[PDB]
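Visitor: everything below, folded, please.
(chains A, B, C, D, E, F and G, ligands or ions: 3)
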Amino acid sequence: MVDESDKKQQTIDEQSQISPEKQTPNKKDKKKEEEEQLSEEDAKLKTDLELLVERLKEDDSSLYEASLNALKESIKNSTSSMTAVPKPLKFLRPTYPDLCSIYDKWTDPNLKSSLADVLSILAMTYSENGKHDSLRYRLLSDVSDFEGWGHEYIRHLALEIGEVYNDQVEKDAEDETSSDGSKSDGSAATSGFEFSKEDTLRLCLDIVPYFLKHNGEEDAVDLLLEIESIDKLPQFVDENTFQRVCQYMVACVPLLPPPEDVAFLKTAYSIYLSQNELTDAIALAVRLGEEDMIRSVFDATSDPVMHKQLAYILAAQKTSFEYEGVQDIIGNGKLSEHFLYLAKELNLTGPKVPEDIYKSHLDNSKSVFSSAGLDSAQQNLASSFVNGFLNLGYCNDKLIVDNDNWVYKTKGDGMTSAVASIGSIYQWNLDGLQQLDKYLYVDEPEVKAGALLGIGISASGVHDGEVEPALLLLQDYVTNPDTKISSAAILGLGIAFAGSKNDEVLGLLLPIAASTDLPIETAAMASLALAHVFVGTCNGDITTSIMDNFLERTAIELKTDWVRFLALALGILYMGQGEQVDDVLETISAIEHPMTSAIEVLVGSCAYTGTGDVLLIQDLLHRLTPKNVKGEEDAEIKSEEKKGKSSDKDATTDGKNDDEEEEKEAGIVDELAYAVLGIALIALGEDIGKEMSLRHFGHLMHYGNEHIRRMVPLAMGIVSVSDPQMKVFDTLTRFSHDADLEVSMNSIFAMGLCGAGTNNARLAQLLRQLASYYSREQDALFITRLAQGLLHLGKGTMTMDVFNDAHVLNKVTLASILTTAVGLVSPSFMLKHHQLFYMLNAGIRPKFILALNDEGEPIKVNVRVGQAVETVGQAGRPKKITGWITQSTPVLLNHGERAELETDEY
Amino acid sequence: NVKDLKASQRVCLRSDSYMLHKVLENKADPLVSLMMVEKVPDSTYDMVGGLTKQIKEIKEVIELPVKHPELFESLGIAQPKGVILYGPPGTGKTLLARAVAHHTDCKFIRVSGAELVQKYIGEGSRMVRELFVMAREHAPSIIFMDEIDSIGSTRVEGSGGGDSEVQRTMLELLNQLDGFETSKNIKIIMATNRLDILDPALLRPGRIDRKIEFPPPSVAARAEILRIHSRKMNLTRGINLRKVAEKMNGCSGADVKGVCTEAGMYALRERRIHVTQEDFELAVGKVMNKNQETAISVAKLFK
Amino acid sequence: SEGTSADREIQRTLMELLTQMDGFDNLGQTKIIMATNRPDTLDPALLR
Amino acid sequence: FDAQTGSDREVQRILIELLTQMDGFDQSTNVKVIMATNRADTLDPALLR
Amino acid sequence: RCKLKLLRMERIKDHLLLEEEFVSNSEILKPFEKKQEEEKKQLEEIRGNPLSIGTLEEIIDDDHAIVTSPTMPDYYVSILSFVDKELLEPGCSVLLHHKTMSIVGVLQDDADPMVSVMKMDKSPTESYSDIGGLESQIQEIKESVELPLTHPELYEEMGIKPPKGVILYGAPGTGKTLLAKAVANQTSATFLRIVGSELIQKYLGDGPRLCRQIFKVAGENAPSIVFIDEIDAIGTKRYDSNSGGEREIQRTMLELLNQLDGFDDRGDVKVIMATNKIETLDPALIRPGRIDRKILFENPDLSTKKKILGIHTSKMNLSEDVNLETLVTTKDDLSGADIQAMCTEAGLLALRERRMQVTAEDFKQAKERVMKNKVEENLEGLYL
Amino acid sequence: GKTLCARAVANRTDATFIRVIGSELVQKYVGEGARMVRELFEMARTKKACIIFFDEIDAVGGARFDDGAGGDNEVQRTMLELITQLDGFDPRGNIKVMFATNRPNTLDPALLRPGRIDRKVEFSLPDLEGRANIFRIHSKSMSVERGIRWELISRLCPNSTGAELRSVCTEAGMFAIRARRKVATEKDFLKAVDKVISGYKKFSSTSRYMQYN
Amino acid sequence: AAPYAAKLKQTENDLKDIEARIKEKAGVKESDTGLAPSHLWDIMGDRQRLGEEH
Ligand SMILES: Nc1ncnc2c1ncn2[C@@H]1O[C@H](COP(=O)(O)OP(=O)(O)OP(=O)(O)O)[C@@H](O)[C@H]1O
Ligand SMILES: Nc1ncnc2c1ncn2[C@@H]1O[C@H](COP(=O)(O)OP(=O)(O)OP(=O)(O)O)[C@@H](O)[C@H]1O
Ligand SMILES: Nc1ncnc2c1ncn2[C@@H]1O[C@H](COP(=O)(O)OP(=O)(O)O)[C@@H](O)[C@H]1O
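Guide: Numbers count the residues shown, from 1 in each chain, chains lettered A, B, ... in the order given. Ligands and ions are numbered 1, 2, ... in the order given. See the structure here:
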């Protein structure tokens, strides 16, 4: 440290720690006297650079501060940075660290502030040279180790980040602001940013998201594509690149409300497309929900290869996975045109092959019955629905149904729902139609109507490839003028096709849903069906639905139930979009009534989805307001008010649910809670309001996909035994279902205690019984999620009928609706060319460790489990493929996706 | 109200129903009860000096993750657990642990096998966790579990040290203490006469990672302890304390404090203010004679 | 007093006798006749 | 000490006051307590210090 | 962007939640105003102030009870007003009325400084694969500890009673300590951890009350996993010999047999015991069905130690210089606590430099210090 | 299943069961536990149709002997308090008395006099028929694939406990779930017989009773 | 350590909510013994409380 002169080269370094003699006196004097001596300075630049490098190792603040103190002055005091024009410009390389030594190494508040501004200007001017890039680089990849650079290099990088962010907030931009003093754009800093990005991508990760999003343009993202696609395999593997990308969309997913969010995720899709794996491509294309992006990946395998190859099989698998059936319709018919084989290809895309694999899983799952043996009165009705609820999905319980004794003892609305429950035994199955047919041609109209509902449920697993579509059966019934018959028919058609908006299905539903002049309560199903059809894909926000809602309000207000169902139907219709839904909020609000205000708060949730924090706060001010106005005064109306209050509560929960899914998974723990206080609250907000918030909570959890499933449903449940409306229990169980018999051991006991214990009304008893059977599926047959499963950010289309029903007080009429509850997840199996129905091995992981994702890419250690197991729910969801040791390579990466495994054995 | 009130805070009561009046202007703290009742000061490194190599070893491993645990976080290193100070008694093993406590800004909790410190639990097999938890409250702290490893004489056949039995309880806790409220700052400063009489499960892999031997004093180091003591006294000029350190040979840091005291009791008898160079001929001779009269038959400092 | 509490009850009462027997409390014309059935039970400060 | 019974916590509470008043008592022209003990195995580590 | 994505969702949600509950405090009281509001008035007047703490010795079924107060005087009180007699039963601390003593309710209960050692304040921040390698003798500790809590389904198919207990045994440092705390993070049910050195006490009678307690708390707050860390410590640790000794060791053992099992029919108390003195236990302890699958660990083999050493060097700064595989060569059937101490000691060499880098040179040097420990309490040199 | 048939008999008789742990009878100070035993027996005399089940009275019930400096004497006060209540100066008026001892190796000879413990029943190891009976109570309770031998599994085993046969099933049940079988077959039962036996030898599970008092 | 350090502060700031929430949740909290059938027991046990036999 101490000066020991020029005795050897080692002690020259020690000499310049206190006072440099080759950077301070000599150089300073030289610059301030002769200008022939500019030639001597130029040679001495190289020497000066070396002395910095050697003393980088030294970290002490005092011996960088004082040493380079008079050089820091010289910039404006003696040199003035223009006494020899080029020469000070190219000698700004040693002087730039001198400024940083007062910024970061020494902290003097007055100078630390002031010289930040100076650093920005000189960074820009020296990046013209392109040597400011090289200045950054020697510290980014390092040459020496010291604590100092670890705080310092960031400051250089921060100059760029500063200005670019400021141009959005303050419209004036450029160097007009004195907060940077550097121009925002122009060909002098733009080339600096590109070069900087290159070095920082290789070694770091830091400044790359700040730059793209701060420009605010998709253009920034499209520059990124170029650099990364080079890097895809030689620099590092495909996998490392995928983890590098998906996050541009994810940190900044929640962080894109509609117009930006779509434009950024377009680019990520394209990056994946460019790279080797098309498997990553399909996942992002589904995400966007655009028809256009789906087609391009499907075409990419199908069209170029003339031969059948792997390519046709692979295309069919990829589109099959979404059980919305949106991909299914689009992908069909290309197979027909090409014509290698119609028979294998068409079946494989359709959900017909999913019926067959279910038999293999079922061969394992068998049957254990537990259904209620109660008969007579309302207890007969309870038991007969319960049988269907335990045998959801493909199950064989034919003989019990064929005993027509208990069937005929149902009465009223009970008959309709009894036949509907029979259909859920043969849910997702071609056979089952036979049982329904018997009743349909005999007795009163009530059994005829219930048959049509059951056809709907059964037709879910078979409606593609022109193999017994739901359309075929149900068209005749729509024609028939009876209201019960027609209403039942169009409900079942919507369920079966789900998100598919095929020409025949859509166009049948197109002239209708436009009569509401005639007062019919069960014409809720008119719009309700059409709304269900629309979800799963981008929405036209159809003019048929918007018109009829307004017309209904004009005609009637007597049937409170009718207008409440209608309001929800609009909000569910708009799901699958958010850009266009900003427009329609205004359109609805054009005509103003207090009744119309009820509709608006619902539609606000969908428009504002993919952010909600302006939405959240809004849906809370609303809650306060009823109380606020009566509150204010001391210091026909019935229908309008009630619609008003209820809509808001539903809207609050809905807003939260879509928001929690798409974006960061940690926050989910709290979002359930935004409700616990919401509930305590409403249970608190009005006497009337308490009734609504109870029911909403259960579907909050199911939609939101809470991590915790043990504590919160059970605890809430106890309080709500005392409280009226036993429909609370039904909504809790749809969440609790999980992976069956993990969560659900506690659930059956807890729900069973209140139900068995208390009988004081057979009406109250009925709701409790149905909820219990729903929760469990024998021998872990299937799971239900609201989510797609293909994306865990995703949201289904079949589960939207579940979400609808919790907005109203319980009714016998509502029981008919509740039979439908579709939303199946398939169990993965390793496929072959002969369609092998067994998985070899898999790893399951309860909790992803990887803090290189939210989703957590499944690691490679895992816990090993056997063949032919259901894809586990929460606390099992990350799933890695074990097959690599046995000479097998997955073709279709599976992370705990719905998607069936496919392997190529070598 | 209840949010102006808290546990172990003295309140005034108006007693005819016991209706809370004021918070009191006092507060009890239980950790000072223990610390006082034992009684120990704190020190600096100018009251240890002369085993200046030792101060370097302990400042590395104890002081530097207190001031800056960040460095360790980056390296990725699980910071030191038990750190053994051991050597002949009185060589300022104890005064080093004190000296570090002032600098590190820790409570110097001297533990010593006492149960007089306690009157609310009264054993250390139910006060390992409570001891750790006071030190967590009044964080940071340096827990000086001084295990002498000779206490009792059925307890050394019985466990190799009954103190090491409690040491074993602490140290096992200590293994997952990497995060639970965010890492360590409650250090295990352990001490002993050697580690050949410590249980070999206290010296198992990864459990003890820095081990500090302390020698008897140098002749340069023994002069530096003498010089500290001379600032309390009033000498006569011309007395070299490098001369005194060479009259002595010591074998512990214990010997030179009693040389300094004996010269001022000899000057006390004299009835003159000054300390003279002749007092130090006799004094050096009184301790060196004392040191040999407990080792010719291995007689204790008691009957 | 590595036993029970009984044995420090013994100890409190024993210490009281010693200050009496010889102390700044002095005796007197008071005499101790101590009858015991075995004297090597005793504490040796009661053999004194 | 036991200190698991009410009667020991009485013995102790007096000894804590001796020690505390002995700290108070220092740097005074008094001679700090003369005390005798029969044996050296009733001392506590803090008393003997 | 990978940290941020997590943060952006989770923070904003904790800020909203907090705000929500402030506006909401007032709102609690609004759905009532005489429906519950009135009820509250009625209870209070009954209670008055002070509510005097008693201790309930026993109940009598005629609406009365005998309390003994800690202030001395017993009282024959009446169980009247706002009280269930099913929330009464020996050991309760009760609220008495300050004129005539009636039990108005039970709200007070008071925790022990021994249930404070037992009960843990953490959830383990480390999780599994921090000593990983020997990862097939770990599915004997996750098919009998983790899994019958997680799935009842599997053991319902086969029927019968599901698993009960494990004894972990082997060399020291071979992961036993971390095994127990790594299954407690995954299950998330009440994790008790007690040292065996605290089960040995220097006072009798209290020994058995402590051991009898651990499983009684355990069954109460079921499910529970009780880690008894070190049950090798029951015959090697002992203080005095006249309130220690044989007698005290035998009695604590005897007690522990009733608890596990025994006649109690307590709660779920899976047991995890670490040991290496397994033959200083009873034949009614290492009895089957209080041990089910028992796990033996020996020292890792050469290719296992490569799993171990790559866990430990991920947290450290690396270079292309560092070579793991030659560190493996040197060690030969040694503990993974040995291997964990070389990596901990290698950053001690970094700290000593004050250089932030870790090199191949730092790992080899601390390997020499680790091998010094092993063969120098040895003094034979070459096997005599 | 020493204590298992006394849970079976507690189902059948429906008398009061008052269970004692012998290590529960020892307290901090001596003669405290004297209180406990005396009082417990007199509460049971007032009680009409009751059974006192003496579990695990291997400590507290042990042999009396002299040490002349022990700490065993203080424990042997409560050992005595058990004798003096059983004969009494009055008889047991419907108190049926079980004593459960692991060990007859050490016991009191006046807590094992033959007029107050009356008939005394040695419980034995199951026979080659007796294991077959036990293991049928245990596999009738398990789902197994029919056509098996419960005789076979007993032969394979040496002279052994049924507490092993309760764990032959359950460990075979874990080999059941790893194969991913709802059912249990012969093959998994073989692995399990090997598993338990190897462990028994390694330690010393049988023909060992430990203690001294 | 820029990229990480920012998150580290933001985590601390977050913790400050969790404490505050424990205090607001506990400000308005109620507690019971035995609820609804022992509201009835108040009618009765208040007549009997006036006497002396306890
Ligand atoms: N497989 C491994 N991977 C990572 N760390 C390991 C592994 N094995 C052991 N360790 C580490 O070694 C240290 C001591 O191990 P642990 O306490 O878990 O087990 P043990 O065999 O009972 O040994 P001991 O009781 O003597 O510490 C801990 O920090 C632990 O995480
Ligand atoms: N002979 C048997 N027949 C049937 N089951 C048996 C038999 N022997 C033991 N068992 C099993 O062992 C289990 C526990 O035995 P239990 O605790 O009742 O026995 P014990 O002979 O008193 O031994 P200890 O008292 O030392 O535990 C019983 O529940 C039962 O499943
Ligand atoms: N390094 C030192 N500098 C000055 N005086 C010292 C030094 N070490 C020991 N002493 C003196 O010796 C006394 C005995 O040392 P002490 O700290 O009690 O010992 P131990 O090593 O046994 O913990 C001290 O109180 C002090 O007076």
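
Visitor: okay, the closest residue to ligand 3 within chain A and residue A:100: tell me how far apart.
Guide: Scanning chain A for the residue nearest ligand 3 gives residue A:1, at 28.3 Å (criterion: CB to the nearest ligand atom). All C-beta atoms are positioned from the backbone trio N, CA, C, and that covers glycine. Distance from residue A:1 to residue A:100, counting by CB to CB, to the nearest Å: 22 Å.

Visitor: the more surrounded of the two?
Guide: Neighbours were counted for residue A:1 and for residue A:100 using other CB atoms under 10 Å in any protein chain shown; residue A:100 has more, 21 against 10.

Visitor: can I assume the more buried one is in contact with residue A:158?
Guide: No. When contacts are counted by CB atoms under 8 Å, residue A:100 is not listed as touching residue A:158 (11.5 Å).

Visitor: contacting residues around the residue in chain C that chain B sits nearest to?
Guide: Per CB to the nearest CB, the residue of chain C with the smallest distance to chain B is residue C:2, at 9.6 Å. Residue C:2 makes contacts with E:240, E:242-243, as judged by CB atoms under 8 Å, 6 or more residues apart in numbering or on different chains.

Visitor: for chain E, see how far away the residue of chain A closest to ligand 3 is.
Guide: For residue A:1, the distance to chain E (CB to the nearest CB, to the nearest Å) stands at 15 Å.

Visitor: ok, residue A:827 next?
Guide: Distance from residue A:827 to chain E, by CB to the nearest CB: 15 Å.

Visitor: just give me the neighbour total for the residue of the stretch 1-150 of chain E at minimum distance from ligand 3.
Guide: Proximity of the stretch 1-150 of chain E to ligand 3 (CB to the nearest ligand atom) peaks at residue E:117, 29.6 Å away. Per other CB under 10 Å, the neighbour tally for residue E:117 reads 24.

Visitor: over to the one 5 residues further on?
Guide: By other CB under 10 Å, the residues close to residue E:122 number 16.

Visitor: same thing with the one 10 residues further on?
Guide: Burial of residue E:132, expressed as a neighbour count using other CB under 10 Å, amounts to 18.

Visitor: list the contacts of the nearest residue to it once chain neighbours are set aside.
Guide: Distances taken as CB to CB, 6 or more residues apart in numbering or on different chains place residue E:311 nearest to residue E:132, at 5.9 Å, with adjacent residues excluded. Shown in contact with residue E:311 (CB under 8 Å, 6+ apart): E:129-133.

Visitor: export the contacts of residue C:2 to CSV and tack on distance to ligand 1?
Guide: What follows is the contacts of residue C:2, written out as CSV (distance: CB to the nearest ligand atom, whole Å):
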residue, distance to ligand 1
E:240, 27
E:242, 31
E:243, 29
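
Visitor: among these, who's most crowded?
Guide: Those, ranked by neighbours (other CB under 10 Å): first place residue E:243, 20 neighbours.

Visitor: what helix or strand is the residue lying closest to that one once chain neighbours are set aside on?
Guide: Closest residue to residue E:243 apart from its sequence neighbours, by CB to CB, 6+ apart: residue E:204 at 5.4 Å. Applying DSSP states H and E as the criterion places residue E:204 outside every helix and strand.

Visitor: surely residue A:260 touches residue A:216?
Guide: Yes. Residue A:260 is within contact range of residue A:216, at 7.2 Å (criterion: CB under 8 Å).

Visitor: those helices in chain B, which residues are they?
Guide: B:30-38, B:52-58, B:64-67, B:70-75, B:93-104, B:129-137, B:162-173, B:219-229, B:241-247, B:255-270, B:279-291 (DSSP state H).

Visitor: what residues does residue F:205 make contact with?
Guide: E:283, E:286-288, F:199.

Visitor: quick check: nearest residue in space to residue A:32, chain neighbours excluded?
Guide: Nearest one to residue A:32, counting by CB to CB, 6+ apart, is residue A:78 at 5.0 Å.

Visitor: could you confirm residue A:256 falls within a strand?
Guide: No. The assignment for residue A:256, made by DSSP: H, G, I helix; E, B strand; the rest coil, is coil rather than a strand.

Visitor: picking that back up, of the contacts of residue E:311 - the most surrounded one?
Guide: So for the contacts of residue E:311 (other CB under 10 Å), the most neighbours sit at residue E:131, 27 neighbours.

Visitor: what residues are up against it?
Guide: E:175, E:178-179, E:308, E:311, E:336, E:340.

Visitor: do residue E:165 as well
Guide: E:144, E:260, E:270-271, E:289-292.

Visitor: relative to ligand 2, how far out is the residue nearest to it when sequence neighbours are not counted?
Guide: Once flanking residues are discounted, residue E:165 sits nearest to residue E:271: 4.6 Å by CB to CB, 6+ apart. Distance, residue E:271 to ligand 2, using CB to the nearest ligand atom, to the nearest Å: 15 Å.

Visitor: can you list contacts of whichever strand or helix holds residue E:271?
Guide: Residue E:271 belongs to strand E:269-275 when assigned by DSSP H and E. Strand E:269-275 is contacted by residues E:141, E:145, E:163-169, E:176-177, E:179-180, E:183, E:215, E:218-219, E:222-232, E:259-260, E:281, E:290 when judged by CB under 8 Å, 6+ apart.

Visitor: the residues you listed, buried ones only, as a PyMOL selection?
Guide: Typed into PyMOL, the line below selects the buried ones among these, using 16 or more other CB atoms under 10 Å in any protein chain shown:
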select buried, chain E and resi 141+145+163+164+165+166+167+168+169+176+177+179+180+183+215+218+219+223+224+225+226+227+228+229+230+231+232+259+260+281+290
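
Visitor: taking the contacts of strand E:269-275 one by one, which sit in helices?
Guide: Reading helices off these with DSSP H, I get E:176-177, E:179-180, E:183, E:215, E:218-219.

Visitor: out of the residues you listed, flag the one nearest to residue A:312.
Guide: Closest to residue A:312 out of the ones in helices among the contacts of strand E:269-275 is residue E:183 (47.9 Å), distances taken as CB to CB.

Visitor: how near is the nearest residue to the closest one once chain neighbours are set aside to chain C?
Guide: In space, and not counting its chain neighbours, residue E:183 is closest to residue E:145: 5.2 Å by CB to CB, 6+ apart. Applying CB to the nearest CB, one obtains 42 Å for the distance of residue E:145 from chain C.
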